Amino acid sequence: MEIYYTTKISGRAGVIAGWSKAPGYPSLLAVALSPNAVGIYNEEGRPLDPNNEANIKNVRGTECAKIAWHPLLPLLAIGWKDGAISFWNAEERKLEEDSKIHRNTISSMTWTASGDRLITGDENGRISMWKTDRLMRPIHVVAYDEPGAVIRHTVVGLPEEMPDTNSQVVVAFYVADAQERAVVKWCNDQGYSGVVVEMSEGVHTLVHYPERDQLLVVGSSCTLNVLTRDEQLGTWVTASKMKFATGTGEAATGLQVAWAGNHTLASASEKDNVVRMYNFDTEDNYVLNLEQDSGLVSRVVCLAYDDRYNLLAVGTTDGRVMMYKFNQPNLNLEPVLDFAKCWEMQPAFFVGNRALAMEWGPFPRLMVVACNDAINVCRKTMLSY
């Protein structure tokens, strides 16, 4: 067979792991190192540069908060915990740091579609789409203050086409979450921050369903706030709101709403060994059982989806992260309402500790379960017969 290898990034490894998520690139797992560096590490479960000089110590010498790689380049945007937006390229080995506008700890950092800007934010509510150039500098463009609110959840759902020049502008659906006052708002990189929605309940996770245009927000009551940019209202208002079947009621703490396929929504909880998939294909909910090991009960700590290649990560309390094979919406074989048996059990692997931070790689073989013990590189190595 071809058996998974449990090989772990260590040496100076921290918690936040950054994959070159674009396929076809040298998928260098950047690792937010504890001694104020970001470890640009390889994919064999080893540090690529254990000396950690090409792995870049912070110019301002702070701990990292967010590392995200360019969708069209091996450019790594490092959000350090001072506002230090650090653009570093793997092909250039140049880290260029600008901290003119951003001064608080980088809270929201999401790459744009083309990587021409970068939705940057901090705890001041200052969301700022700093432009990204091939001239390799993070340069601030637009400024939006949300005082009393933190830019916590910021998804890229529907890029609104303004009539300014009909340009496809990334419009960041950021939540002005002023202490659970989930003021989800949409800001564009030119001049404006419009309000997406005003829910009283805070955003548990800012999921977006693109097939039927549903900003699948979860309120902090396990309520799937199905926000659709309605044909009758225009913005992502709560068209429907039903309770998740995983941790029914007030169980949003530990609730795991990741993705589960093209027309399937993932739902699970830290009190549930059953992992129910809100299958949007034919409106299905169906459990996926887990195990208990002499009191080491495996209940879902983290769900994450390889939406590039349709695999669901199921992190558990015991530490293992087994995998769920989402069989396609069955138009090829056995058209079924219950995909619980179709959601095939995959060979489990023990990455180590409980899955707290998680980041799927560009391929569903190369991946990190960025647990706190080590930056758990997930990979496969062949065994010849």
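Under the deposited numbering, the residues of the sequence shown are numbered 1 to 385, in order. Beta carbons: idealized from backbone N, C-alpha and C, even for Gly.
Would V195 and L215 be called neighbours here (beta carbons separated by less than 9 angstroms)?
At least 9 angstroms separates the beta-carbon of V195 from that of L215.
Spatial distance of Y144 from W343 (CA atoms):
Those two C-alpha atoms are separated by around 43 angstroms.
Do you know how far the Cα of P50 is from the Cα of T7?
If you take the alpha carbons of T7 and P50, they lie about 15 angstroms apart.
Which class does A30 belong to by DSSP, given the choice of helix, strand or coil?
Of the three classes helix, strand and coil, the one that applies to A30 here is strand, per DSSP.
Selection from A260, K66, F339, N353 that minimises the alpha carbon distance to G39:
Among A260, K66, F339, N353, the Cα nearest to that of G39 belongs to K66.
Would you call the CB atoms of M162 and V142 closer than 9 angstroms?
Going by C-beta atoms, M162 is not nearer than 9 angstroms to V142.
If you reduce the DSSP assignment to three classes, tell me which class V275 lands in.
If DSSP states are grouped into helix, strand and coil, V275 belongs with coil.
Mapping the DSSP letters down to three states, classify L224 as helix, strand or coil.
Note: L224 maps to strand in three-state DSSP.
For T165, count neighbouring C-beta atoms within 10 Å of its own C-beta (all shown protein chains included) and say buried if the count is 16 or more, exposed if not.
Under this definition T165 is an exposed residue.
Name, in chain order, the residues that DSSP records as bridge partners for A370.
Partner(s): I375.
At 3 residues or longer, what runs of the beta strand (DSSP E) sit wholly inside the region 226 to 264?
Runs of the beta strand (DSSP E) lying entirely within the region 226 to 264, each at least 3 residues long, are 236 to 243 in chain order.
CB-CB under 8 angstroms to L95, same chain, minus the five flanking residues each way: which ones, in chain order?
Result list for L95: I56, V59, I78, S86, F87, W88, in chain order.
Select from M345, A258, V287 the residue whose C-alpha is nearest the C-alpha of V207.
Looking only at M345, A258, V287, the smallest Cα-Cα distance to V207 is reached by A258.
According to DSSP, simplified to helix, strand and coil, what is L75?
Residue state for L75 is assigned as strand, using DSSP reduced to three classes.
In this structure, how does DSSP classify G18 when only helix, strand and coil are distinguished?
Reduced to three states, the DSSP call for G18 is strand.
First and last residue of the uninterrupted beta strand (DSSP E) at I119:
Boundaries of the beta strand (DSSP E) around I119: 117 to 122.
If you follow the beta strand (DSSP E) that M109 is in, where does it begin and where does it stop?
It spans 106 to 111 - the beta strand (DSSP E) in which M109 sits, taken as one unbroken run.
Would you kindly check if the distance between the Cβ of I375 and the Cβ of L75 is under 9 angstroms?
Cβ distance not < 9 angstroms, so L75 and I375 don't count as in contact.
I'd like the span of the beta strand (DSSP E) that includes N89, first residue to last.
From DSSP, the beta strand (DSSP E) with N89 extends over 85 to 89.
Assuming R12 contacts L33 under a Cβ cut-off of 8 angstroms, what Cβ separation, rounded to an integer in Å, is found between them?
That pair is a contact at about 4 angstroms.
Compare the C-alpha of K81 against each of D122, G254, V150, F339 and name the closest.
Ranking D122, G254, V150, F339 by Cα distance to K81 puts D122 first.
If you measure between the beta carbons of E270 and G295, is that distance less than 9 angstroms?
In this structure, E270 sits away from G295, with a CB-CB distance that is not shorter than 9 angstroms.
Per DSSP, what kind of secondary structure is residue 455 in: helix, strand or coil?
The chain is shown only over 1 to 385; residue 455 falls outside these bounds and no answer can be derived.
Leaving aside the five residues before and after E44 along the sequence, list all residues of the same chain whose C-beta is less than 8 angstroms from its C-beta, in chain order.
Excluding residues within five positions, the ones whose Cβ falls inside 8 angstroms are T7, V377, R379.
For the 8 angstroms Cβ check, are there 3 or more pairs between the region 322 to 339 and the region 277 to 295?
Yes, the region 322 to 339 touches the region 277 to 295.
In three-state DSSP terms, what is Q214?
DSSP, reduced to helix, strand and coil, places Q214 within a strand of the structure shown.
Start and end of the beta strand (DSSP E) containing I9?
Under the DSSP assignment, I9 falls in the beta strand (DSSP E) whose first and last residues are 2 to 9.
Would you kindly report the start and end of the unbroken beta strand (DSSP E) that includes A68?
Here the beta strand (DSSP E) through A68 covers 64 to 69.
Expressed to the nearest angstrom, what Euclidean distance is found between the alpha-carbon atoms of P364 and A68?
Near 18 angstroms, if we compare the C-alpha coordinates of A68 and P364.
Keeping to the same chain, check which residues put their C-beta closer than 6 angstroms to that of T110; ignore five residues upstream and five downstream.
Only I119, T154 meet the Cβ criterion.
How about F280: is its C-beta nearer than 9 angstroms to some C-beta of chain D?
Of the chains in the structure shown, none is chain D; there is only one protein chain.
Taking only three categories from DSSP, how would you classify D177?
If DSSP states are grouped into helix, strand and coil, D177 belongs with the strands.
Can you tell me the Cα-Cα spacing of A17 and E198, whole angstroms?
In a straight line, the C-alpha of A17 is about 33 angstroms away from that of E198.
Check this for me: beta carbons of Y324 and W360, under 9 angstroms apart or not?
Contact check for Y324 against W360 fails: the beta carbons are separated by 9 angstroms or more.
Please classify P138 as buried or exposed, where buried requires at least 16 other C-beta atoms within 10 Å of its C-beta.
Of the residues assessed, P138 falls on the buried side of the cut-off, its CB having 16 or more other CB atoms within 10 angstroms.
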